DNA sequence: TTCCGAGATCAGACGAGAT
DNA sequence: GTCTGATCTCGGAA
Ligand SMILES: [Mg+2]
């Protein structure tokens, strides 16, 4: 997963600094490594490594635990570092589900890492009042009201109890009264909630508008009683479905009951195992639609129908000519979508065999496209890394000839086209990574 | 045949010749007789160093046809070796300054080193001082033939000529015949009399022989040539 | 394996064309000319 | 000989292409925050500085940088709305 | 001070090795020589007169060293 | 001007074994580092002292003597706070050329900052009026090797007043 | 062949200056060479450097 | 010198030793006894 | 030829000039034509360099003055770079210290600047 | 119940140099 | 055309 590590080098470089990236990315490359061993292998002085790990434990990227030697081996979790890419999307759904106050709550909780209640409410009392009218001061009591209102739906969970090992020092991590207790954001709750938007958009854009809302109210009343490791949601009765409907609807119980047995019986199938398994194939199909036209996408859906029945029917079952079809198979083979010939049983003969049958394997085509999408955002940021250092002469002139200004508006058209496009490929990551996490046992 | 076992370790070597050997007891154990035609070809780059300036001037007038001579001159700064056959040698003799290289012929007193090609022990390569004799055979003293395991029944053995002055001393000191008289298996001497000399000196030291001052001064005065001519 | 070998012995110093350290290349030689770590000038 | 002409092509053009800047309307909201926090993450306390510049500078001299209403009321509530583990 | 005070045959070879090549590049000769034109024959005249401007740097194999002047050694 | 501590492996050829090393290294090191700008360092001039000279090896090839030499050499490197005194050895319409006296004619002042009577109009007009002083302002050196100048300066002239000469 | 296998393992040993015999990698094979540190070449008959009867009569 | 009942003694013995093979041809273990004065007792051993 | 220490400046113009004056007159004692086919760039830099330093009337400048001026300088609180400018520039008149001199802002006071003219003249 | 012993098959190599 | 250790498959047992 080298392209994954390419992003963690890119994500820390833009956010904090360079040595916090370097000591950071080395720890991703060599793992459970002590404090002196990290400073000797990266060639970094020990005073800067203590600072760089201090920022890294604050934003919860490096976790420390000692087992046997009495010497703490730091360890960085890889998949947390890529969640910085989703950071402005984590802001936005707290604006759709909470006000501007609580949206700023998850913001400075994502920004400054570990926060106590006594600090984060004091900070938003500065930012929200300075943008509101002076003399019309925003009262902080409503912040404490919406602060717990996030926590009752469990969007913010507290930090695990600190080990307080001798090697670890308490004074350095806090940045400089009451002590309180710290927390990060519960971004795992978001990955339910981002999946809640994913299934409700999967039904509404396929079945009907009224079908999706009963999926939403099913999932909105199954939030605390499940977790992300739940194979499917908690089972509900249809009578509390009629109780939990929104007030915008007026549908009679028996007609929605017909839609309830309609929605329960589909090819799609609430089976949370089958939901992410069906949404991932549409993400695959939207990539071949993006890349190889509707004709090759037509045979790409054909192998998702029959598992191992190929090349004696695919020239027939899509009616496209043998010349035009077989270049689409080998292009789906060479780009690892078509997977392979796992049926040949004649012994050691490419020429004489029982005829190789194509078969898509959904996860090998998944893990590649996730590795491809990790590679994709490397080419996005590095371009925005490229176009920045040249144009610095004219950013401060506003703070100017006609080609001088024209380079700026072609820059600002470019960066805003790049930065918007970092997020549109980001929604493909989570839609596929949640499918990856759903088929992974013992993790 | 590959590059490891035959091109990186066992690689072919310039300044090296090969003839048939024939005996010569009239040399010291440390000297090989080198033919003239070979000694005019194998050359030693002797740099000019205030002590061989008149000696190299004297031999560069001879050029590559008379034996104590030379056939290449580099100038002091990587000028191409000047094949000393076409031009004026005396104009190259007078213009010869310090520092530059003369590739003089294999002269007597130079250090060549033998090898008999099935090398089985340390003693198959040995250095030898080189005296330019008049023939095309490599002639050495027959005491040093059991280290080479070399009989004279049509056997050939190679003669390398070390070029740098550091590799000339490493031949003379380490690999000279006066140093390696003794094999490193036992400590026994390998260079000692073979065949006729043993049956010569047995028949001489046998109890029955008696020489008068006729034959006594004749046998004794055989031992007076070549570093031995100046002793009473 | 990422095998970093140093170049020692004789089967590698002959291949690389380094003077081998076995035998005459064990030690090294200095020169005995007139030298000393001298005093500097006052600045 | 059929391909022995030049590098295949400088680039290979795919007749079908990318759709658009997909999800056009709503990522105006996230897209400014992409640039908003990056304006504030770089200008934060949680960053490092190039002290290798200052050890590189032997030209240190004076007169250069190299040389040089929260309206709120008290309360205290500590909630265990969160997990009791780890 | 701990190694052998005898000049080995590998030290006599290289001292004669490089004092020959030094004197074949017009080095100053220390023995007021008597017509020897072979630079190697000058160097053995330098050794027997014990005038060679060379100090042998003897490496103990741990990495420590021990110097030895060629004046300060017992040749054979 | 500034001292620069440098370390070099100086090879004395074996026909100089009569002379003392610390002199005969110094004759080599002047031929190695004179009139040569070192990148990010400045214009070396000559040898100040040899602060530490360590032991003369002699390698298996050359037969020469290679002494690793620690030394100090004086170099030319303005400190971005120096008011120098040079001479105008040239006038270009984009900016004047000043030269320090027989030192280096490679200091090229851009001219935008003196009093609003500034132009060089190709008939060698120095300045439209109201030894020459100079303020060296930036360090700027470009490493030359690029395929199979180099300390140029930018030089200013603020409102000094220049009481003696305008 | 047996000459070749022998010398392709045994070539990189030399008696170092503190009388130890080490490999090329620094590892010690012998602490003194052969117990006494004596040349077999210079060694006298009976594996003894002197053979004292001969030297005393000499 | 390599160039120069049954037990192997030649070069195929020295080649057999240098290889240090696990199984050799003609391996022989000699053994001294406690009572080495009578053929009947060593018969019994 | 790696440079270990990039900087270490206290070489006042007199120091460098003096070193060059001893060097120029000392190199000619051993001046060589053997090395002409090799190196001659050294001669040019030293020769011309002497003249630019000579421009400053370090002719009649003395070694003791360096400490004597320095003893006065330490009281003023000017930085080491500033003092080197003060010795090397050798401001002839008040206007250079008054205006040309570095760190004029604040520290001028029209007090020690007047005193400096007496010290610089000395 | 698994694991280690003993049955098959597989490797790279088999001196210098010379015309 | 064998001589070779390595590395794979079978099988009987605490
Ligand atoms: Mg024969």
Residue D:70/residue A:237 FRET efficiency (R0 41 Å; Cβ-Cβ; nearest 0.05):
0.20
Packing-based order for F:4-16, A:82-94, B:188-200, using average beta carbon neighbours within 10 Å, highest first
A:82-94, F:4-16, B:188-200
Averaged over A:160-169, how many beta carbons belonging to a partner chain fall within 10 Å of each residue's beta carbon?
1
Distance-filtered residues of the stretch I:86-122 - backbone nitrogen under 11 Å, label point 7 angstrom along residue I:75 Cα→Cβ
I:112, I:115-116, I:119
Between residue F:54 and residue A:141, what is the FRET efficiency for a Förster distance of 56 Å, r being their Cβ-Cβ separation, to the nearest 0.05?
0.15
Please list B:93-99, B:207-213, G:6-12 highest first by mean number of surrounding beta-carbon atoms within 10 Å per residue.
B:93-99, G:6-12, B:207-213
Once each part is reduced to its C-alpha centroid, what is the distance from the stretch B:47-111 to the stretch A:27-54 in angstrom?
66
Express the relative contact order of chain E as a whole percentage, based on alpha carbon pairs under 8 Å and six or more residues apart in sequence.
34
Can you tell me the FRET efficiency between residue D:36 and residue D:9 if r is taken as the Cβ-Cβ distance and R0 is 41 Å, rounded to the nearest 0.05?
0.50
Using a basic spin-label model with each label point 7 Å from the Cα along Cα→Cβ, how many nm lie between residue A:334 and residue F:9?
5.1
Counting every Cα pair in the stretch E:1-60, what percent are over 15 Å apart?
48
For chain B, give the share of DSSP beta bridges that are antiparallel, in percent and rounded to the nearest 5; count only bridges with both residues there.
75
Using a 7 Å offset from the Cα along the Cα-to-Cβ direction at both residue F:88 and residue F:126, what is the distance between the two label points in nm, to one decimal?
0.5
Restricting to Cα pairs under 8 Å and 6 or more apart, the percent relative contact order of chain B works out to 25
Rounded to one decimal in nm, the spacing of the 7 Å Cα→Cβ label points at residue F:19 and residue G:57 is 6.6
Inter-chain shielding metric for I:87-93, i.e. average beta-carbon neighbours from other chains within 10 angstrom, reads 2
With the cut-off at 1.5 for a/c, could you classify the stretch A:219-279 from its C-alpha gyration tensor as rounded, prolate or oblate?
oblate
Sort D:34-40, D:6-12, A:100-106 by packing, meaning the average of other beta carbons within 10 Å per residue, with the highest value first.
A:100-106, D:34-40, D:6-12
Chain D shape via C-alpha gyration tensor axes, a/c threshold 1.5
oblate
Would you calculate a helix-derived [θ] at 222 nm for chain A, using -39,500 (n - 2.57) for each DSSP H run of n ≥ 4 and dividing by the full residue count, to the nearest 500?
-18000 deg cm²/dmol
Rounded if a/c is under 1.5, else prolate if a/b is larger than b/c, else oblate: which is the protein assembly as shown, with a ≥ b ≥ c the root eigenvalues of its Cα gyration tensor?
oblate
Please average, across the residues of E:54-65, the number of beta carbons from any other chain that are within 10 Å of each residue's own beta carbon, and give a whole number.
5
Can you work out the PRE-style zone for residue A:167? Point 7 Å along Cα to Cβ, and I want the residues of the stretch A:1-28 with backbone N under 15 Å.
A:27
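Here the Cβ is made from the backbone with ideal geometry for all residues, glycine too, and neighbour counts use every protein chain on show. Each value in this text was obtained by applying a stated rule to the coordinates, not by laboratory testing.
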